[PDB]
*Asks:* 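The structure under discussion is supplied below as structure tokens; questions concerning it will follow.
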Amino acid sequence: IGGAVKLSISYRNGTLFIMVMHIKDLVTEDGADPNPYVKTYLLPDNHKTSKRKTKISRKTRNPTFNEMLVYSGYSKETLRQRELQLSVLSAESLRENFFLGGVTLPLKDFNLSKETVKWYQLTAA
């Protein structure tokens with residue numbers, strides 16, 4: 001577990017925008033290059049509908065995604081009662097997908113009237 005993810009987070013027209021830009025310095029226990037993708041949830045997830053994820057970036061510890069994850073139909077009031085749970089996992093075809101690191105971000109901490117671009121350190125459980 002290690003590394004850091006750069007995100008751009010904003011809100012416009014009743015929609016939350018999470019831009020996954022890139023990740024640096026992912027590590028694996030056995031030293032082989034992972035196949036990272038990013039998955040996010042908005043928690044708590046009453047209806048169990050909030051999974052979003054990026055494409056897989058293959059064979060790299062420093063993936064660039066520049067992908068936008070979109071959450072529609074939420075008011076800021078509701079969002080301030082949610083946390084964004086971000087996971088980085090390796091896509092594996094011959095073994096279980098495994099956890100490379102994550103970060104949980106209470107959305108109340110953001111100024112959702114502007115765009116916030118920032119680096120976040122990835123951690124364990």
Side-chain angles (χ1 to χ4, degrees):
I1 301 300
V5 58
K6 188 185 183 178
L7 304 173
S8 166
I9 290 176
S10 60
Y11 179 95
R12 88 183 152 139
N13 304 324
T15 300
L16 174 67
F17 295 93
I18 312 285
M19 175 83 107
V20 182
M21 297 172 82
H22 51 288
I23 301 182
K24 68 181 191 159
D25 303 328
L26 294 165
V27 297
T28 62
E29 58 189 32
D30 64 348
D33 275 344
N35 304 297
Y37 63 102
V38 177
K39 172 168 61 173
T40 61
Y41 284 88
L42 281 182
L43 302 187
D45 192 347
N46 177 228
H47 296 293
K48 302 181 187 181
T49 52
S50 75
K51 186 170 79 180
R52 305 288 184 273
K53 59 186 195 175
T54 65
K55 292 179 63 181
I56 298 154
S57 183
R58 296 190 172 276
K59 296 310 213 313
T60 182
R61 275 142 52 251
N62 298 276
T64 289
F65 295 103
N66 293 323
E67 278 186 69
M68 180 75 90
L69 302 182
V70 172
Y71 286 105
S72 317
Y74 296 85
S75 70
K76 303 171 182 204
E77 290 169 348
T78 298
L79 288 181
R80 288 195 300 279
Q81 299 186 327
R82 300 289 183 273
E83 72 196 0
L84 181 76
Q85 182 198 80
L86 185 151
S87 295
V88 186
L89 284 96
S90 184
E92 299 291 330
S93 73
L94 300 183
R95 61 188 277 192
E96 290 295 292
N97 287 5
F98 61 95
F99 188 73
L100 297 162
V103 60
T104 299
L105 307 168
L107 290 177
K108 65 173 186 284
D109 295 334
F110 291 83
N111 173 358
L112 289 186
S113 302
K114 69 184 257 281
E115 174 188 9
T116 300
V117 179
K118 158 176 199 173
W119 284 92
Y120 304 88
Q121 170 183 315
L122 299 170
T123 68

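The chain is numbered in sequence order, starting from 1. Quick note: numbers below take in every heavy atom, side chains included, and nothing from hydrogens, waters or symmetry partners.
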*Asks:* Calculate, to the nearest 0.5 Å, the distance between atoms CG and CG belonging to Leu42 and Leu16 respectively.
*Replies:*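 Going from the CG atom of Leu42 to the CG atom of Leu16 covers 6.5 Å.
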*Asks:* Check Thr123 against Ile1 and note the closest heavy-atom contact, atom names and distance.
*Replies:*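 It is C-CG2, 3.4 Å.
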*Asks:* What side-chain hydrogen bond (donor to acceptor under 3.5 Å, both in side chains) pairs are there with at least one residue in residues 6-19, not counting sequence neighbours?
*Replies:*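 Every pair satisfying side-chain hydrogen bond (donor to acceptor under 3.5 Å, both in side chains) with a residue in residues 6-19: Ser8-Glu115.
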*Asks:* Once side-chain hydrogen bond (donor to acceptor under 3.5 Å, both in side chains) is applied, what residue pairs with a partner in residues 46-67 remain, sequence neighbours excluded?
*Replies:* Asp45-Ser50
*Asks:* Determine whether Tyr41 and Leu86 make a side-chain contact, defined as any pair of heavy atoms from C-beta on separated by less than 4.5 Å.
*Replies:* no
*Asks:* To the nearest 0.5 Å, what is the distance between CG on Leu26 and CG on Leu122?
*Replies:* 6.5 Å
*Asks:* Do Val70 and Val117 land in one hydrophobic cluster if side-chain heavy atoms of ILVMFWY residues count as linked below 4.5 Å?
*Replies:*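 Yes, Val70 and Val117 fall within the same hydrophobic cluster.
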*Asks:* Just verifying a value: how many Å separate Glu83 CD and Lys108 NZ, rounded to the nearest 0.5 Å?
*Replies:* 8.5 Å
*Asks:* Same cluster or not: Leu105 versus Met19, using hydrophobic residues (I, L, V, M, F, W, Y) connected whenever any side-chain heavy atoms lie under 4.5 Å apart?
*Replies:* no
*Asks:* Between NZ of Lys76 and CG of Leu107, what distance do you get to the nearest 0.5 Å?
*Replies:*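 If we round to the nearest 0.5 Å, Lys76:NZ and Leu107:CG are 12.0 Å apart.
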*Asks:* State yes or no: do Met68 and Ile56 share one hydrophobic cluster built from I, L, V, M, F, W and Y residues joined by side-chain heavy-atom distances below 4.5 Å, directly or via other members?
*Replies:* no
*Asks:* Find out whether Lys118 and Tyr120 are in side-chain contact, i.e. whether some heavy atom of one side chain is under 4.5 Å from a heavy atom of the other.
*Replies:* yes
*Asks:* Output the distance between atom OG1 (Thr40) and atom OH (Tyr71), rounded to the nearest 0.5 Å.
*Replies:*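 The distance works out to 3.0 Å.
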*Asks:* I need the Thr116 OG1 to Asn111 CG distance, nearest 0.5 Å.
*Replies:*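 It comes to 6.0 Å.
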*Asks:* Is the closest side-chain heavy-atom distance between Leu43 and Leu84 below 4.5 Å?
*Replies:* no
*Asks:* Does the pair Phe17 and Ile9 meet the rule for a side-chain contact (heavy atoms from CB on, under 4.5 Å), with working shown?
*Replies:* CA-CA 6 Å; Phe17 295 93; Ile9 290 176; over 6 Å; no
*Asks:* Starting from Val103, can I reach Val88 by hopping between I/L/V/M/F/W/Y residues whose side chains sit under 4.5 Å apart?
*Replies:* yes
*Asks:* What heavy-atom pair brings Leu100 and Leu89 nearest, and what distance separates the two atoms?
*Replies:*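 So the minimum-distance heavy-atom pair works out to CD1-C, 3.6 Å.
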*Asks:* What heavy-atom pair brings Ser87 and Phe99 nearest, and what distance separates the two atoms?
*Replies:*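 It is OG-CE1, 3.8 Å.
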*Asks:* Please determine whether side-chain contact (heavy atoms from CB on, under 4.5 Å) holds for the pair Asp33 and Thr28, giving the CA-CA distance in whole Å, both sets of side-chain angles, and the decisive distance to 0.1 Å.
*Replies:* CA-CA 7 Å; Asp33 275 344; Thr28 62; over 6 Å; no
*Asks:* Hey, are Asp109 and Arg80 close enough for a salt bridge, meaning a charged N less than 4.0 Å from a carboxylate O?
*Replies:*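 No.
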*Asks:* Step by step, would you call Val20 with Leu69 a side-chain contact (heavy atoms from CB on, under 4.5 Å)?
*Replies:* CA-CA 7 Å; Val20 182; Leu69 302 182; 4.0 Å; yes
*Asks:* Show the numbers, then the answer: is there a side-chain contact (heavy atoms from CB on, under 4.5 Å) between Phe65 and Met21?
*Replies:* CA-CA 5 Å; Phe65 295 103; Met21 297 172 82; over 6 Å; no
*Asks:* Quick one, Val38 and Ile23 - any side-chain contact, counting heavy atoms below 4.5 Å?
*Replies:* yes
